[PDB]
Structures are given as structure tokens and as C-alpha cells.
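Worksheet: the structure to be examined is printed underneath.
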Amino acid sequence: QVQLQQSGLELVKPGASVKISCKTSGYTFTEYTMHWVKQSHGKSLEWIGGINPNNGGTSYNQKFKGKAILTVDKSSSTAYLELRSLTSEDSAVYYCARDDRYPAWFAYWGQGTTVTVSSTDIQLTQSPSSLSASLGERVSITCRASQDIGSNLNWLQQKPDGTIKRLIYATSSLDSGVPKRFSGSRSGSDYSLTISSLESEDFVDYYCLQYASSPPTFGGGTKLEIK
């Protein structure tokens, strides 16, 4: 099975640089773009950049240029993220994610690496940010796109341990193995994830992610809680 296995805690002093790894197995490393994503504690996600391991072609979110440098090592099937001149605001969890064939981008996710520093973009308005419901209920979570994103919208689920899994890609395509009670749809600018018949393991966090235009951007998240 596909595994993006990320390196361990970086607990480092201000000004230090670190180089985090994402060691892949279970697929051909060179065939697919690899992305990196930041998530500050308690907050939503931000795309840092992506790299084509076949040619080293690399696209950065403008706010991370000068901070993040992406490389790959084909010989070891490992993607790296180097973070330069670290400060407090860099303390966060960093994830790698790899695409599958378009439009199945952002298909598999690393488990995240914590970094602790101690001595024109499209907006997705995600609502509601918190939702209380009971077992067996049906709920919808919605993302409103600030500009047209076509069908390029994914739904991700994040568990309290921080692990991220894609549930839906290309608006309505259900990931293999994901329960059929999850479905994605679009009506106009509103993209929605509907979970029918809630089960207890569903009561976690959810994010939408658009990949129509660079930089990919994320909704602010929805926290699903049992009533």
C-alpha cells in the first residue's frame, strides 16, 4: 500500500534550518507531483509548494518563497522540505501529499512532522465551522468558492491524531474504501460534502481543498461534534 512516511519531531532554536523528509513506498515515486502543506496549531491548512520529481519543476506559494525549499532524491524515493531561518511563526505540523493521475490530486498524505521553534488567491469559505449532530443523522458541510474552480475540489477528513485522508476528489468522486454514506456535490459556487447516517468515527474535522488555480487553497475547516 502507498505510504508517505515522514520524519520525526524537529525541536530547534530560532534561526536554525531543518530538512524534513517524506519517504515514500508502495508506488513509483517519480511518477507523481509531491506537495507540502503547513498547519499551524488549531488552524486550517496552507499549501507551501509542489514539485515534479521527474524534472525538479517546483511551484511555490508566494508567501513561502524564501522560507521553504522543495527537493527530491530519486535514488531514495524521498521528497524533502527544507525550512530556512526558523522563527516562532514557523512552529506547526508540515505534511507531504502526493497526487494520483489528474483530477485525483492530493490523493495520499503523510502523517505530518511537527516543527517547534523554541529558545488574487482563491478563498474557500467553509461553513459551518462547527456542527453538533447525533448518530444516524445526515449533515452537509459546504464550501463557497471565491472564484470559479470548476470540478477541482477535494474533501479531506482529519482525525484528532492529525492524520489526513482524502474522502472525495473532483467534487463528487468517492475514494476507494470510503463508506458510501459520504457524498460530494456541486450547485453553483457551493460545493458540499454530505454524510448520511453518521457513525461515531465521523465526528472529526473536515476541509475542502481547491486545485483549480495556484496556489491550491483550503476552507477554514468544520468540526463535527456529537450532540
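Letters for chains follow the order of the C-alpha cells (A, B, ...), residue numbers begin at 1 for each chain, and ligand numbers begin at 1 in the order shown.
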Report the closest atom pair, with its distance in Å rounded to one decimal, for each residue of range 81-150 of chain A that has an atom no farther than 6 Å from range 220-225 of chain A; count only C-alpha atoms, sort by chain and then rising residue number, and write it as CSV.
```
residue,atom,partner,partner_atom,distance
A:126,CA,A:220,CA,5.7
A:129,CA,A:222,CA,4.2
A:130,CA,A:223,CA,4.6
A:131,CA,A:224,CA,4.9
A:132,CA,A:225,CA,4.7
```
Mind writing the picked residues with C-alpha atoms as a PDB file, in the first residue's frame?
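Produced file part20.pdb, reproduced below:
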```
ATOM      1  CA  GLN A 126     -16.343  26.797   4.581  1.00  0.00           C
ATOM      2  CA  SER A 129     -17.137  25.876  11.302  1.00  0.00           C
ATOM      3  CA  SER A 130     -18.740  23.703  13.981  1.00  0.00           C
ATOM      4  CA  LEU A 131     -21.646  21.312  13.745  1.00  0.00           C
ATOM      5  CA  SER A 132     -23.285  19.296  16.503  1.00  0.00           C
TER       6      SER A 132
END
```
Excluding residue 71 in chain A and its own-chain neighbours fewer than 4 positions away, which residues fall within 7 Å of it when counting only C-alpha atoms? Please give them as a PyMOL selection string. chain A and resi 79-81
Selection file, C-alpha atoms, as a PDB file, in the first residue's frame:
```
ATOM      1  CA  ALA A  79      10.901  14.183  -1.054  1.00  0.00           C
ATOM      2  CA  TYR A  80      12.377  16.837   1.239  1.00  0.00           C
ATOM      3  CA  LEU A  81      11.168  20.129   2.623  1.00  0.00           C
TER       4      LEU A  81
END
```
Test item: residues at most 10 Å from residue 195 in chain A, only C-alpha atoms, excluding those fewer than 5 positions along its chain, as an MDAnalysis selection string: chainID A and resid 136:141 179:184 202
With N, CA and C atoms retained, export the selected residues as a PDB file, in the first residue's frame.
```pdb
ATOM      1  N   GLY A 136     -26.579   8.465  13.371  1.00  0.00           N
ATOM      2  CA  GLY A 136     -27.669   8.205  12.432  1.00  0.00           C
ATOM      3  C   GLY A 136     -28.157   9.423  11.647  1.00  0.00           C
ATOM      4  N   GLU A 137     -27.825  10.625  12.099  1.00  0.00           N
ATOM      5  CA  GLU A 137     -28.234  11.852  11.399  1.00  0.00           C
ATOM      6  C   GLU A 137     -27.551  12.072  10.032  1.00  0.00           C
ATOM      7  N   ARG A 138     -28.058  13.042   9.278  1.00  0.00           N
ATOM      8  CA  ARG A 138     -27.478  13.412   7.982  1.00  0.00           C
ATOM      9  C   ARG A 138     -27.078  14.887   8.067  1.00  0.00           C
ATOM     10  N   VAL A 139     -25.831  15.201   7.701  1.00  0.00           N
ATOM     11  CA  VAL A 139     -25.385  16.598   7.741  1.00  0.00           C
ATOM     12  C   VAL A 139     -24.667  16.968   6.448  1.00  0.00           C
ATOM     13  N   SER A 140     -24.666  18.268   6.129  1.00  0.00           N
ATOM     14  CA  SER A 140     -23.946  18.760   4.965  1.00  0.00           C
ATOM     15  C   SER A 140     -22.948  19.831   5.406  1.00  0.00           C
ATOM     16  N   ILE A 141     -21.791  19.832   4.757  1.00  0.00           N
ATOM     17  CA  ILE A 141     -20.731  20.818   5.038  1.00  0.00           C
ATOM     18  C   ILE A 141     -20.485  21.509   3.724  1.00  0.00           C
ATOM     19  N   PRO A 179     -16.697   4.835   2.983  1.00  0.00           N
ATOM     20  CA  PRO A 179     -18.100   4.440   3.118  1.00  0.00           C
ATOM     21  C   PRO A 179     -18.974   5.248   2.173  1.00  0.00           C
ATOM     22  N   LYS A 180     -19.998   4.600   1.631  1.00  0.00           N
ATOM     23  CA  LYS A 180     -20.877   5.244   0.668  1.00  0.00           C
ATOM     24  C   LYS A 180     -21.775   6.314   1.333  1.00  0.00           C
ATOM     25  N   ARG A 181     -21.789   6.373   2.654  1.00  0.00           N
ATOM     26  CA  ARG A 181     -22.546   7.429   3.331  1.00  0.00           C
ATOM     27  C   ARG A 181     -21.930   8.829   3.076  1.00  0.00           C
ATOM     28  N   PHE A 182     -20.689   8.885   2.587  1.00  0.00           N
ATOM     29  CA  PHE A 182     -20.125  10.186   2.178  1.00  0.00           C
ATOM     30  C   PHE A 182     -20.381  10.469   0.704  1.00  0.00           C
ATOM     31  N   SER A 183     -20.907  11.651   0.401  1.00  0.00           N
ATOM     32  CA  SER A 183     -21.040  12.049  -0.995  1.00  0.00           C
ATOM     33  C   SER A 183     -20.729  13.524  -1.165  1.00  0.00           C
ATOM     34  N   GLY A 184     -20.178  13.853  -2.324  1.00  0.00           N
ATOM     35  CA  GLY A 184     -19.864  15.232  -2.641  1.00  0.00           C
ATOM     36  C   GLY A 184     -20.719  15.728  -3.799  1.00  0.00           C
ATOM     37  N   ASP A 202     -17.130   9.405  12.579  1.00  0.00           N
ATOM     38  CA  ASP A 202     -17.252  10.507  11.620  1.00  0.00           C
ATOM     39  C   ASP A 202     -17.105  11.853  12.326  1.00  0.00           C
TER      40      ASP A 202
END
```
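Of the listed residues (A:88, A:134, A:52, A:127), A:134 comes nearest to residue 199 in chain A; the distances count only C-alpha atoms.
Note that the spacing between CA of residue 11 in chain A and CA of residue 78 in chain A amounts to 21.5 Å.
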I need the helix (DSSP H, G or I) residues of range 4-212 of chain A per DSSP on the backbone, written as a list in words.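 DSSP-assigned helix (DSSP H, G or I) residues in range 4-212 of chain A: residues 29, 30, 31, 62, 63, 64, 74, 75, 76, 88, 89, 90, 200, 201 and 202 of chain A.
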Surrounding residues of residue 207 in chain A excluding itself and chain neighbours under 5 positions, 6 Å, only C-alpha atoms, as JSON, numbers by chain: {"A": [155, 156, 219, 221]}
Serialized selection, N, CA and C atoms, as a CSV table (one decimal), in the first residue's frame:
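Generated output (out30.csv):
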```
chain,number,residue,atom,x,y,z
A,155,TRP,N,-12.5,16.9,-0.8
A,155,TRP,CA,-12.9,16.9,0.6
A,155,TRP,C,-11.9,16.0,1.4
A,156,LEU,N,-11.4,16.6,2.5
A,156,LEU,CA,-10.4,15.8,3.3
A,156,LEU,C,-11.0,15.7,4.7
A,219,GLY,N,-10.5,25.5,2.7
A,219,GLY,CA,-11.5,26.1,3.5
A,219,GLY,C,-11.0,26.1,5.0
A,221,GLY,N,-12.2,24.9,7.6
A,221,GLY,CA,-12.5,23.7,8.4
A,221,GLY,C,-13.9,23.6,9.1
```
Neighbours of residue 28 in chain A within 10 Å (only C-alpha atoms; same-chain residues fewer than 3 positions away dropped), as an NGL selection string? :A and (2 or 24-25 or 31-32 or 74 or 77)
Which residues in chain A does DSSP call strand (DSSP E or B)? List them as a PyMOL selection string. chain A and resi 3-6+10-12+18-25+34-39+45-52+57-60+68-73+78-83+92-98+108-109+113-117+124-127+130-133+139-145+153-158+164-169+173-174+182-187+190-195+205-210+217-218+222-226
How far is it from CA of residue 1 in chain A to CA of residue 175 in chain A, in Å with one decimal? 14.6 Å
Which residues come within 12 Å of residue 168 in chain A, counting only C-alpha atoms, excluding same-chain residues fewer than 3 positions away, as a count of residues only? 39
For residue 112 in chain A, work out the shell of residues within 9 Å, counting only C-alpha atoms and skipping chain neighbours fewer than 4 positions away, then give it as a ChimeraX atom specification. /A:5-8,93-96,162-164
